[PDB]
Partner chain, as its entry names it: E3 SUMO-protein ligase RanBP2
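In structure tokens, the next block holds one chain alone, the form solved without the partner chain.
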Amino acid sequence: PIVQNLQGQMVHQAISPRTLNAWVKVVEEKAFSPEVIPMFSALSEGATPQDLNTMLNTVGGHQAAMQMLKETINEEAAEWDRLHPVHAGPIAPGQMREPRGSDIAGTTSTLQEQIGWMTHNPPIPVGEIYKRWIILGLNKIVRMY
């Protein structure tokens, strides 16, 4: 995750093993019930796309629910690319590139690019955009059972 220190510096930290343990144990009790969504939000404050992929990797054992989630992520990433069709390069040398759907999903972006977007002024909130797509997928799963 990104956290803000006392001087206002944005600081990256790797995801807590205790956050992953809590997320696994949460899913073991509430996998198909509405509470999985606010508990996912509670455990992903300031999460990068790489943190979010790490959280999903710890719970992939229920392959049919994970398949539904990954299909929803691919649908929302395709919709992002339709609204934001990528240019051949950035506006000028030294500017960050605009993220793709796969960059927001953390599959074609580096952690350093994710930190760059999330610590922009104002933030380019790729972690929160990916959380929205994950929460849409979690919604489909609890609707369906």
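Numbering follows the first chain given and starts at 1.
Below, we refer to the form solved in complex with the partner chain, which is not included among the displayed structures.
Asks: Given that the partner chain is not shown alongside this chain, does residue 78 nevertheless sit within 4.5 Å of it in the deposited bound form, heavy atom to heavy atom?
Replies: Taking the distances in the deposited bound form, the answer for residue 78 is no, it never comes within 4.5 Å of the partner chain.
Asks: Counting only non-hydrogen atoms and a 4.5 angstroms cut-off, does residue 92 reach the partner chain in the deposited bound form?
Replies: Residue-level check for residue 92: yes, a contact with the partner chain.
Asks: Does the partner chain get within 4.5 angstroms of any non-hydrogen atom of residue 86 in the deposited bound form?
Replies: Answer yes; at least one heavy atom of residue 86 falls within 4.5 Å of the partner chain in the deposited bound form.
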